[PDB]
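Colleague: Submitted below is the structure of interest, expressed as structure tokens.
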Amino acid sequence: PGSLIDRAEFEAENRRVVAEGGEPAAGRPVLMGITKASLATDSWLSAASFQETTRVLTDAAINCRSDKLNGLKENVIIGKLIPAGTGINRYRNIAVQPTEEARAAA
Amino acid sequence: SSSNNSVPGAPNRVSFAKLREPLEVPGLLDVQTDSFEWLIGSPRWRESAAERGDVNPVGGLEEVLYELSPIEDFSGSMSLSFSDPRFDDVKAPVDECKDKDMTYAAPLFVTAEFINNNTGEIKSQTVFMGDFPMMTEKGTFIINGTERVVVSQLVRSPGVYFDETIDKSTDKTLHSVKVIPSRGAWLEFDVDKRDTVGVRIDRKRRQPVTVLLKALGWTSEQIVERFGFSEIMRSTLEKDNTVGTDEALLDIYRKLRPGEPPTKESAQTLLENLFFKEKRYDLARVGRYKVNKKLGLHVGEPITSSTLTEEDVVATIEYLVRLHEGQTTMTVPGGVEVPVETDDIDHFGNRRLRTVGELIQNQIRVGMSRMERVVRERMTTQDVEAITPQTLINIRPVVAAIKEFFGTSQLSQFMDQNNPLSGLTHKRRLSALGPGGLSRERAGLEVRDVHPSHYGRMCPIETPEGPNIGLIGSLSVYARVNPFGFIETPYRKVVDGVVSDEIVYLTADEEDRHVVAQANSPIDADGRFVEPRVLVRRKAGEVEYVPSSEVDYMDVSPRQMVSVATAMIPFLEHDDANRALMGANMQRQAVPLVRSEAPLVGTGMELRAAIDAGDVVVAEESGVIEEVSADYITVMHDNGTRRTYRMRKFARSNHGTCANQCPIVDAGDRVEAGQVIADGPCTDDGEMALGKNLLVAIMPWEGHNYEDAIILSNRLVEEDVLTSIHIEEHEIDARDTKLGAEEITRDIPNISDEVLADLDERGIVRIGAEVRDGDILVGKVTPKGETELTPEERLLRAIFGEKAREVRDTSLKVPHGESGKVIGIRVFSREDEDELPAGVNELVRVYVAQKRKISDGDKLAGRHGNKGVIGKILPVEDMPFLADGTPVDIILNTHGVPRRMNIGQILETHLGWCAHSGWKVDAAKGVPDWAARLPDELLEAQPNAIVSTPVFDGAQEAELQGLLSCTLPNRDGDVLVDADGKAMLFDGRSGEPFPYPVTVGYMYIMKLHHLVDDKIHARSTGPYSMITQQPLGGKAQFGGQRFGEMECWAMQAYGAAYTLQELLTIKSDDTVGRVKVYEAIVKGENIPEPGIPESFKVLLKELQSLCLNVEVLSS
Amino acid sequence: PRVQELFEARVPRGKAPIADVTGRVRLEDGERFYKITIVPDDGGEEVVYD
Amino acid sequence: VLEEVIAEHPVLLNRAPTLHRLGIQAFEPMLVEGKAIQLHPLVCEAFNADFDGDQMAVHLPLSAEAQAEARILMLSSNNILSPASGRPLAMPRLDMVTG
Amino acid sequence: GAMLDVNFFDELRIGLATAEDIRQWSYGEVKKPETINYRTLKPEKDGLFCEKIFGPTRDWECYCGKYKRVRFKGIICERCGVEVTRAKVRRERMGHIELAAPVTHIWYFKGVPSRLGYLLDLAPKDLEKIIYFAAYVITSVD
Amino acid sequence: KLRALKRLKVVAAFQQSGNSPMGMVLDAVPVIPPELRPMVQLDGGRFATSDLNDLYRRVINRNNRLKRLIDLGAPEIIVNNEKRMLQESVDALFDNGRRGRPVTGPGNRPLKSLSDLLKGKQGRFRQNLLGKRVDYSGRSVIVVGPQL
Amino acid sequence: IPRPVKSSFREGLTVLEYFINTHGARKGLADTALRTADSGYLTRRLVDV
DNA sequence: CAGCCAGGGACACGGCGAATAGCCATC
RNA sequence: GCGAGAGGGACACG
DNA sequence: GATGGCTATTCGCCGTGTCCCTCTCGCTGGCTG
Ligand SMILES: [Mg+2]
Ligand SMILES: [Zn+2]
């Protein structure tokens, strides 16, 4: 109580716990500043690289939190295709081959 | 009286000045010479001080010694003292010291006196006290070969400062003080939100003041007696909650010394020693004067008892509470009544100037304090009656302090000389930052402003425009430094409405105490103003109008506010502060050209700023020239003595420019003392010449001169109008290596023999040999290392006894993008008995010069902030040409003028055309009304007649219109430029004329030291950082351009994932990927896929090193 | 700085209290302080201010 | 041979500070005498670049993906409107507007 | 997971490392405060640069130089104990110091809020006094 | 209740995870590889301060002194003071200047602990991972190319 | 400053009017530098959020 | 004395979050 | 082939 | 008189733009022949 969790996760957990006993968690909307809303991302690497490295890094260590490596700044540190633009799997995996007509015309 | 007359070989630079100057400009390099002479005690200082305060003649070192001595043991059985600071003649002259990497110093000898008390005897010697660095004739110390300038610092003078802070949470003003000493303990007498008063000693969690009042020994009844008026003080007295002086003493002891057992004698000694023993609390003479003045305690008493006294403290308290009440003026017992006011910590009365002498004195005092510590400690160990001061004094700490000041300090700045103006302006600079002063991050946004007290003491225009605005400034032309440190300014005192010529120097305090009129006021040739109302500066910086009855002081002349650099901007009063600032900053960046033509339009400041810059060689005593040559000028004096001034030809300045001096006299000339015998880099027959006058047109020409771009004519390349000699210096040292020694020889490991063609028999290249990128300058080899022979080769060599003879070639090669003639090879060897760093056998310098022409992109800028790179250099044929057929040498865009409010470039253009073509006012019917105030011998002027417009009193708009009306024809009957200053220009390409007239004239533009050849860079492969395998950085090495966070954000915004991966993975850190990419491109194959950056692995290892188990989960 | 404090969701340095219920208002013009009360239409409470 | 290779090979030009997306743009290079990167005037407003002493950095994409990105996503002719409010940034300004 | 750290990453976890992991990572144990020999400028044995702990400074060369060639890779000298391999292994192979007595990590103690204090319900001042040998503590009273 | 909520924030973090809090107290201290803390040699025989090897030297010296003190047999006061000094040395190694006066270096220069290599605008995250130098790049002054 | 300056840059300012103008000029420059730093920080925060 | 060892405190601000300090209430 | 210090250039006035 | 328990005050901690060029300097002490 008093902690801040993503609304999607909150609704998902409420709908998950409604069964096996009806006691959905009660929540309220909040308006939080940008500095806070970027130091609590679910990726300790982005938060560590952003600001307050000691605090976020050490509390991530205590929580034994795991980064999923699917953000935009997390995939740039490790040197992988950013999940945006030409990097998303919709285009990274597009297969191209000559058409049959032109292939025969070769 | 036109022209600057009090200089013998003055070119007749007619001037537009309307106001005579009562006071000639001072010795612009006096601010440093006087200070260092004070430190030395030189005779000039002695006799001048006798003229202005003979009561207390004491040099800097004398004062340091007197403060320091005596040095006695705690037991009091002996003492040591110093006296007689003597300076020997300098070991080697200025140029020799500059060349041979030697610090230009002189030995210091100080006589000791080791007095004994138990038996009685005094011991005296002459003690070597280090090689004290010695100031040169201009103001530059030659330290370890280089030339350094100790910039004067701005500091807040120690004393008492009262300030009020508005309580937003309560809307109640709180008044506080900050008694700030030198080398002492801070302490505050403040007021909290409530009706109390707090004391902090060394800033210790506040405390009611009363514990202090009783601690000093003041009873409750007597405290009430002293404060018998303030309700707040009786309220505090009710709230003291402390009875007993010793109780307060021990409470304060516990507060300041927690855990230390309090006791009466200890507290009595401590609280006194904190503030009343001069050993650890000494606000200097300036501080004592400030305290006395602010409290008005002692008037006729001389400067004695620099430390505090209880009377001063209680005076501070009572003044504080009276100010809190709202009193205007206050009277202290045993002291003159003084006003009650808050003190501002930026007003130049409370902001003093630590010049060079005081800084070196402070460093010497620190070193001597360390030395005194050492000597007093070793006194105990050494037995008495068996040691000598020569054996007691250890001079290593003092010389160390001197060395670490002059070298690697924040004020012993590297000399900024590429033209005489820059060298002159680096001196006289006031840097507000350094030890004991605020830094950039600590610097706020109020200390950087222009306080009204800067008038006449610190130029408001000239200042750096980077992250140093306001902090770094320069002294005004007429400003002189007070003996205490404040910055004085001369003023013409007006008496009975008569503006006398009795110059008197005032600091900020006297300035704002009295009332000062403006410089350009119409006196009726006798000291009486025309109009009643004149513009006057009041006490608190206000400007108002006052009748000519209350005016008490007058500025000596206009341009009293500007510095030397800004005084050289013609029509300054038409430019804006931003562009005037830019022009003043850029006048210090021009490279010295080869010809250095004087400006057609300038100021009277060029000549003085040139002869005082120092490089212009000047005859000290008159005489008749005997011999003249490129290398020497030998003058014969009036009586017997002859002097051969040695010219300085092709000497590299600190920033790579040339330092040529050329004679401007012949064998038959007679030269008066103080005459300009020879020129310097940027001086033309005595006066400053930073650039060239080119024909300028102010139209937008085909967009090549678009948005500050400038287009020159190929004439400037053909005729070498704008070309500069740049000398670069390269260095290599052969040193004793682990395997042996390093040798420089023509014999070198495998290389084609043609490169050896230029090298001489002993390595270094030959004089006058052109070199390019990759050429050998010093054939050098070093032992390759431990090497393995083939086993058969090894056994054969053991039979031979042959040496390995391996070596590995590593020779001095010029950096990429360098070429030019070789000037000089300077060789230093241990065999020649020179001073070299330990472990170095050989050290050779090679100078390489290049005549850099003007090319595309080179930065050009006038004097009024019209900077711009060179977009295109058109041929001479396709350039706009007047009806006469003279092409315009440069074309400036017209859209850059109106929106910058720097309309002095246009007026400079007009007056430049008027000067080039001359003029003749038609004095057939008297004179024209607009010429009524024009000085005589300006109604006519022959072609190429140099003129001068002083800064804030110069050619008016009406005079410019009149002079353009009469612009006598060049050769035929034709006025190229009509009365509007514009001209009919013929297009160079289309042939037909431009449908409307164009503004043409002559503008003095310069060649800034931002040449392209020094800027261009390209990398494809180079050295790498060993810590993280990213490419190195900078142009000195190969280096690659940084791709920062913002650039990656832009790439992510585009959506270019692969390019970002390329820039961050295999171009920078993929140590296994870079080689593969090189091979793939060379072979033409497809690019390999990037791997994982090495820097991320470094991050991983470091996180692991912090006891953070970072593991990678493949799934 | 207004943008900075708005995007940071700071408590504005110049807060201007807004009501939480409609209805008529009993004004209490305060000197050196202030006081406003809005008669609630739920009537729950005229949230007091100072 | 240099010209031969340099033809049809984009290079990215950048000017710090890279305030917005258009700070970095891909241009088709060509050899020019001198030592200054001749920049098209109309892109100045995109770079916030004036010619009173600025400097710009040039990067070279290598892989076919990088070259395609420079040619398609980032080519200057493909970036006329600002990404902020859609107003044009490659339009004539200053001398061109006066003319 | 991965040891070659190829780009087939999926997750990056960070957690409290215990002494067991510390002694697991290290390829040796530094015990002497020695870095480089004065004269031969060679990594000191048992020091902060010793080859046995971190690897060879020269590619395929042990401290005694008994092997110098690529033919000997992946084996250990039986005299000097250095593992002959590429010098790049000096960038990854870590060490460890066997402290005589336990010590406390600053991040979890002093970083406000003191996580160690919260775990043990101790205010930071008393925690500092306890750790910095200013006064005793009762661990378990029988 | 509020202090309880924070203490829960911590203890629950330890409960849910399979790692014990004992990692807070360190029996052994890892040593970063030498190539990431290189000792470059400046001309004249003076090695430039790598700024980490000296902290490691301090920790090693204090650990050795504590070992020899316990071997020799010393009173509680001296050995406990030694343990405190070892604590401070490891303290400076992990995070310089966080508690007490920073471990000063030559010329009144505080040393750079492992944390300073992360925290700040000059750390690995901000300076060497998000934005890094690149090859195949150049720079030059720009001029107007109206014919392009 | 309630004086105020009354001379156009064409007509040419006087000494004191120029001195008064320097106040605003230098204030603008220093403000510009500090505001650049602040806006850079704000841009970083927005990009990261 | 040098190779080779080694071992005493200054002008910044603004905002956020935790630990107290001081004051009214109740057993 | 690192660190500190100094200087310097480029950065919207509707 | 002490724990609760509410408002205020200190006091630490965190942050405070990007890119580039040039230059100069880089800690102090003991044994012993
Ligand atoms: Mg620009
Ligand atoms: Zn071996």
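Chain lettering (A, B, ...) mirrors the order of the structure tokens, residue numbering begins at 1 for each chain separately, and ligand numbering begins at 1 in order of display.
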Any residue with an atom at most 8 Å from ligand 1 counts, using only C-alpha atoms (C1' of nucleotides) and all ligand atoms. Which are they? Put them as a PyMOL selection string.
Modeller: (chain D and resi 48-54) or (chain I and resi 10-11)
Colleague: Distance limit 6 Å, reference ligand 2, atoms considered: only C-alpha atoms (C1' of nucleotides) and all ligand atoms. Which residues make the cut? Give them as number ranges by chain.
Modeller: E: 62-66, 77, 79-80, 82
Colleague: May I have the selected residues written with C-alpha atoms, as a compact mmCIF listing (two decimals), in the first residue's frame?
Modeller:
# COMPACT_ATOMS: atom_id res chain seq x y z
CA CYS E 62 55.29 -17.60 -19.15
CA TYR E 63 57.22 -15.83 -16.40
CA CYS E 64 60.26 -18.10 -16.72
CA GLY E 65 59.88 -18.15 -20.51
CA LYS E 66 59.95 -21.94 -20.75
CA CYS E 77 54.15 -24.06 -16.77
CA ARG E 79 57.90 -24.30 -12.68
CA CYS E 80 56.62 -20.71 -12.72
CA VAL E 82 51.91 -19.16 -15.37
Colleague: Would you write out, as CSV, a table of all residues in chain G that have an atom no more than 12 Å from an atom of chain J, listing for each the closest atom pair and the distance in Å to one decimal, considering only C-alpha atoms (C1' of nucleotides) and ordering rows by chain and rising residue number?
Modeller:
residue,atom,partner,partner_atom,distance
G:32,CA,J:17,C1',12.0
G:33,CA,J:17,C1',9.5
G:34,CA,J:17,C1',9.4
G:35,CA,J:17,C1',9.3
G:36,CA,J:17,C1',6.3
G:37,CA,J:17,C1',4.5
G:38,CA,J:17,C1',7.1
G:39,CA,J:17,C1',7.2
G:40,CA,J:17,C1',4.1
G:41,CA,J:17,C1',6.2
G:42,CA,J:17,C1',9.2
G:43,CA,J:17,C1',8.8
G:44,CA,J:17,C1',8.7
G:45,CA,J:15,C1',11.1
Colleague: Go ahead and compute the interatomic distance for atom CA of residue B:901 and atom CA of residue B:862, in Å to one decimal.
Modeller: 14.8 Å
Colleague: Find the residue from D:68, D:6, D:36, D:19 that sits nearest to chain F; use only C-alpha atoms when measuring.
Modeller: D:36
Colleague: Within stretch 2-50 of chain C, find each residue whose DSSP state, derived from the backbone, is helix (DSSP H, G or I), and express the selection as a ChimeraX atom specification.
Modeller: /C:2-7
Colleague: Please dump the current selection as a CSV table (one decimal), in the first residue's frame; keep C-alpha atoms.
Modeller:
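Saved as part30.csv:
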chain,number,residue,atom,x,y,z
C,2,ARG,CA,8.0,26.9,-15.3
C,3,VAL,CA,8.3,24.1,-17.8
C,4,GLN,CA,10.8,22.4,-15.6
C,5,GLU,CA,8.6,22.5,-12.5
C,6,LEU,CA,5.5,21.5,-14.5
C,7,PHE,CA,7.1,18.5,-16.2
Colleague: For the contact check between chain D and chain G, emit one row per residue of chain D within 12 Å, containing the shortest atom pair and the distance in Å rounded to one decimal, counting only C-alpha atoms, chain then rising number order, as a Markdown table.
Modeller:
| residue | atom | partner | partner_atom | distance |
| --- | --- | --- | --- | --- |
| D:17 | CA | G:40 | CA | 9.5 |
| D:18 | CA | G:40 | CA | 10.6 |
| D:19 | CA | G:40 | CA | 8.7 |
| D:20 | CA | G:43 | CA | 10.0 |
Colleague: What are the residues of chain E lining chain A at 12 Å or less? Count only C-alpha atoms, and put the answer as a list in words.
Modeller: residues 5, 6, 7, 8, 9, 10, 11, 12, 13, 14, 15, 16, 17, 18, 105, 106, 107, 108, 109, 110, 111, 112, 113, 114, 115, 116 and 119 of chain E
Colleague: As an mmCIF file with C-alpha atoms, in the first residue's frame, could you give me every residue of chain A near chain C (at most 10 Å apart, counting only C-alpha atoms)?
Modeller:
data_model
loop_
_atom_site.group_PDB
_atom_site.id
_atom_site.type_symbol
_atom_site.label_atom_id
_atom_site.label_comp_id
_atom_site.auth_asym_id
_atom_site.auth_seq_id
_atom_site.Cartn_x
_atom_site.Cartn_y
_atom_site.Cartn_z
ATOM 1 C CA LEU A 31 0.698 12.106 -11.420
ATOM 2 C CA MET A 32 4.456 11.683 -11.020
ATOM 3 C CA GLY A 33 7.369 13.794 -12.191
ATOM 4 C CA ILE A 34 9.539 12.873 -15.144
ATOM 5 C CA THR A 35 12.727 12.310 -13.143
ATOM 6 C CA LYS A 36 10.876 9.800 -10.977
ATOM 7 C CA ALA A 37 9.060 8.269 -13.973
#
Colleague: Skip residue A:85 itself and residues of its chain fewer than 5 positions away, then list as a VMD selection string all residues within 9 Å of it, counting only C-alpha atoms (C1' of nucleotides).
Modeller: (chain A and resid 91) or (chain B and resid 1052 to 1057)
Colleague: Next, write the just-selected residues to a file, as a compact mmCIF listing (two decimals), in the first residue's frame, keeping C-alpha atoms as the atom set.
Modeller:
# COMPACT_ATOMS: atom_id res chain seq x y z
CA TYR A 91 11.78 -5.53 -40.80
CA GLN B 1052 17.20 6.81 -32.72
CA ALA B 1053 14.72 9.50 -33.76
CA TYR B 1054 15.41 8.74 -37.42
CA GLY B 1055 14.91 5.04 -36.74
CA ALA B 1056 18.28 4.05 -38.22
CA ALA B 1057 19.12 1.02 -36.10
Colleague: Please, what distance in Å, to one decimal, runs between atom CA of residue B:617 and atom CA of residue B:694?
Modeller: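 According to the coordinates, atom CA of residue B:617 and atom CA of residue B:694 are separated by 28.3 Å.
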Colleague: Write out as a PyMOL selection string the residues lying within 7 Å of stretch 14-25 of chain G, counting only C-alpha atoms (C1' of nucleotides) and excluding same-chain residues fewer than 5 positions away.
Modeller: (chain B and resi 449-450+460-461+558+573+577-578+952) or (chain G and resi 5)
Colleague: Could you save those same residues with N, CA, C and O atoms as a PDB file, in the first residue's frame?
Modeller:
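Done, and the output landed in result_25.pdb:
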ATOM      1  N   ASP B 449      27.965  40.729 -13.447  1.00  0.00           N
ATOM      2  CA  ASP B 449      27.358  41.903 -14.049  1.00  0.00           C
ATOM      3  C   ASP B 449      28.364  43.051 -14.118  1.00  0.00           C
ATOM      4  O   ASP B 449      29.548  42.899 -13.808  1.00  0.00           O
ATOM      5  N   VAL B 450      27.882  44.216 -14.536  1.00  0.00           N
ATOM      6  CA  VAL B 450      28.677  45.435 -14.597  1.00  0.00           C
ATOM      7  C   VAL B 450      28.165  46.353 -13.494  1.00  0.00           C
ATOM      8  O   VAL B 450      27.179  47.073 -13.673  1.00  0.00           O
ATOM      9  N   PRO B 460      33.857  47.663 -19.249  1.00  0.00           N
ATOM     10  CA  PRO B 460      32.617  46.882 -19.342  1.00  0.00           C
ATOM     11  C   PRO B 460      32.427  46.173 -20.671  1.00  0.00           C
ATOM     12  O   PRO B 460      31.530  45.325 -20.774  1.00  0.00           O
ATOM     13  N   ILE B 461      33.234  46.484 -21.685  1.00  0.00           N
ATOM     14  CA  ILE B 461      33.071  45.896 -23.008  1.00  0.00           C
ATOM     15  C   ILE B 461      33.947  44.659 -23.130  1.00  0.00           C
ATOM     16  O   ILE B 461      33.443  43.548 -23.322  1.00  0.00           O
ATOM     17  N   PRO B 558      36.851  61.290 -22.237  1.00  0.00           N
ATOM     18  CA  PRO B 558      36.164  60.076 -22.685  1.00  0.00           C
ATOM     19  C   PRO B 558      37.162  58.937 -22.811  1.00  0.00           C
ATOM     20  O   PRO B 558      38.360  59.097 -22.581  1.00  0.00           O
ATOM     21  N   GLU B 573      31.162  54.322 -30.166  1.00  0.00           N
ATOM     22  CA  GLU B 573      29.900  54.779 -29.602  1.00  0.00           C
ATOM     23  C   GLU B 573      28.718  54.525 -30.524  1.00  0.00           C
ATOM     24  O   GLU B 573      27.582  54.801 -30.126  1.00  0.00           O
ATOM     25  N   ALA B 577      27.018  46.826 -27.531  1.00  0.00           N
ATOM     26  CA  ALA B 577      27.899  46.219 -26.541  1.00  0.00           C
ATOM     27  C   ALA B 577      28.281  44.797 -26.932  1.00  0.00           C
ATOM     28  O   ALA B 577      29.425  44.381 -26.724  1.00  0.00           O
ATOM     29  N   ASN B 578      27.344  44.033 -27.494  1.00  0.00           N
ATOM     30  CA  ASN B 578      27.665  42.673 -27.922  1.00  0.00           C
ATOM     31  C   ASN B 578      28.740  42.679 -29.001  1.00  0.00           C
ATOM     32  O   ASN B 578      29.762  41.991 -28.885  1.00  0.00           O
ATOM     33  N   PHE B 952      34.950  57.835 -27.829  1.00  0.00           N
ATOM     34  CA  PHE B 952      33.657  58.461 -27.584  1.00  0.00           C
ATOM     35  C   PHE B 952      33.637  59.934 -27.962  1.00  0.00           C
ATOM     36  O   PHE B 952      32.646  60.618 -27.692  1.00  0.00           O
TER      37      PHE B 952
ATOM     38  N   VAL G   5      18.475  56.128 -21.864  1.00  0.00           N
ATOM     39  CA  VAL G   5      19.259  56.443 -23.051  1.00  0.00           C
ATOM     40  C   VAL G   5      18.349  57.098 -24.080  1.00  0.00           C
ATOM     41  O   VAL G   5      17.198  56.686 -24.266  1.00  0.00           O
TER      42      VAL G   5
END
Colleague: Write out as number ranges by chain all residues of stretch 608-760 of chain B that DSSP puts in strand (DSSP E) for this structure's backbone.
Modeller: B: 623-628, 632-637, 642-646, 670-671, 683-684, 687-688, 691-697, 710-713, 724-737, 740-741, 743-744, 759-760
Colleague: May I ask which of the residues E:45, E:125, E:31, E:96 is the closest one to chain H, counting only C-alpha atoms (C1' of nucleotides)?
Modeller: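 Closest residue, counting only C-alpha atoms (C1' of nucleotides): E:125.
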